[PDB]
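Letter by letter, the chains look like this.
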Amino acid sequence: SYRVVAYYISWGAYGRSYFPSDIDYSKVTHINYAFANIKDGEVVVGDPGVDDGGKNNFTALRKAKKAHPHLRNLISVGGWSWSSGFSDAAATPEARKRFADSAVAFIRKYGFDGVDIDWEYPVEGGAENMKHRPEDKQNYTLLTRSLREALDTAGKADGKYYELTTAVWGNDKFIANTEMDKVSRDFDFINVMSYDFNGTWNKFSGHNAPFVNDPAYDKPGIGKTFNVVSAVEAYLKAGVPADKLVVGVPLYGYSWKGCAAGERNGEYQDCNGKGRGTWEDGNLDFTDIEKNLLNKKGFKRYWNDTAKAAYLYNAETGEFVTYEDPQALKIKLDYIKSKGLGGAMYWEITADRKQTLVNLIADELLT
């Protein structure tokens, strides 16, 4: 009944030394490969050093498909850094056909089973380099339609079914800026990025993925919809069918340093910038939290029983960590089942080497 959609990051094949051969494919239904880029209106190889050459991640994913007939591998196009080409690609029938034909050509040449559209984000939002136009709201629908038609035609030619999915913002601005009731019919499933609700863009601490609204969290401009249940309910109301709605989970955490304790052990407090990270300041792999911080080395675990979220606080350094604890993740997996949702998605599989969260998701949703 349930999907388990794991993002694999191409750059895992650098210093992380986590290759597709390292994935336990028994723990997933789908791998989304992050990412393909857009160049001159076409889907292109994101990183020739690790994708179709060099470390040859694509070869490794095709090997995995042969070893695991259940497995479906999708190419994720865009993401935070590489979304700047979508607005142009979507804007005219000619641009949409050029884009869609390039997506089909890509999955045929590299052995993928479909396309995940990670457009961050239509109309407004995204990276400093991001490009938008008001017409994105309707053009997201039209680009999706062009892709679905091209993939239908190619699948009939190829004797295969090709999937078409999307990653959608946890922020309900995305719903205001799209037609989820019109476009849902062309996506096999919709990966809700029900995380990144709080982070070091705020000078104060908070939870990356609180389950429900905590009214005790009353910092400027951060309202009552920045939580998993609000995001799920918003997409259902917008016309995403429950069975297509896949709930995103983070396998990373965010950290701040120099957070005041207040009377909440550092929670919702003013801080002094990013805390320690794994591969960059302020961003921790679950592996690192689990090995080095979780009730370890002056970091103490606390549980917010309103938000249903765990955090770590080091009173000596004022470092605050938001991360996905098994206690929170079990609540989310029960919620998926209760609401008849499409399963779970996670960013990203390299960040949990002991498969603590990976195994809980697989145990609860697969059988």
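Per the deposited record, the coordinates in this entry were obtained by X-ray crystallography to a resolution of 1.250 Å.

(A) Structural view of the nonpolar core. Ranked by internal contacts, the top residues of the largest apolar core, which has 105 residues, are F99, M180, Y235 and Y346. It is helix 3 (residues 93-110) that provides the largest number of residues to this core, a total of seven residues. Residue contributions to this core reach at least three from each of two domains, namely domain 1 (1-250 + 324-367) and domain 2 (251-323). Beyond its immediate sequence surroundings of up to four residues, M180 is in contact with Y140, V168, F174, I175, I190, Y235, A238, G239 and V240. By size, the runner-up hydrophobic cluster in this structure holds seven residues, among which are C259, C271, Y302 and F320.

(B) Up close: the state of the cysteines. What the rule picks out here adds up to one disulfide. Through a disulfide, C259 is tied to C271; the S-S separation comes to 2.0 Å. Residues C259 and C271 are joined by a disulfide whose S-S torsion is about 100 degrees; by sign, that bridge is right-handed. Remark: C271 occurs in the loop between strand 9 (252-256) and strand 10 (283-285) and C259 occurs in the loop between strand 9 and strand 10; sequence separation between them is 12 residues. Classification of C271 as buried rests on a relative accessible area of 15%.

(C) Examining the domain arrangement of the chain more closely. Each assigned domain of the chain is listed with its residue range as follows: domain 1 (1-250 + 324-367) and domain 2 (251-323). Between the C-alpha centres of domain 1 and domain 2 the distance comes to 26 Å. Each side of the interface is counted separately: domain 1 has 43 residues, and domain 2 has 32 residues. In total, about 3100 Å² of surface goes out of reach between domain 1 and domain 2, with carbon and sulfur atoms giving 58% of it.

(D) Region of the structure containing empty space enclosed by the protein. All chains considered together, the criterion is met by two cavities of 30 Å³ or more. Put simply, the largest cavity is a space of about 80 Å³. Looking at the largest cavity, the residues that line it are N198, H207, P210, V212, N213, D214, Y217, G223, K224, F226, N227 and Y268. Residue classes in the lining of the largest cavity are distributed as five nonpolar, five polar and two charged. In this structure, the second largest cavity occupies an estimated 50 Å³ of space. Lining the second largest cavity, in full, are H207, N208, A209, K308, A309, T322, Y323, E324, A328 and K332. Considering only residue class, the lining of the second largest cavity consists of four nonpolar, three polar and three charged. In this structure, the lining of the second largest cavity is formed jointly by two domains, domain 1 (1-250 + 324-367) and domain 2 (251-323), each of which donates at least three residues.

Definitions and cut-offs
Residues numbered from 1 in each chain as written, not as in the entry; some residues may be left out. Heavy atoms only, no water. Core = buried A, V, L, I, M, F, W, Y, C linked by side-chain atoms within 4.5 Å. Buried < 20%, exposed > 50% of the residue type's maximum accessible area, 1.4 Å probe, protein only. Helix = DSSP H or I, 4+ residues; strand = E, 2+ residues; numbered from the N terminus. Domains from an automatic or database assignment. Contact = heavy atoms within 4.5 Å. Disulfide = S-S within 2.5 Å. Buried area = accessible area lost by both parts, 1.4 Å probe. 1 Å grid on protein atoms, 1.4 Å probe; cavity = no way out; pocket = protein on both sides within 12 Å on 5 of 7 lines; lining within 4 Å. Points joined across faces, edges and corners; volume = space filled by probe spheres on them. Nonpolar A, V, L, I, M, F, W, Y, C, P; charged D, E, K, R; others polar.

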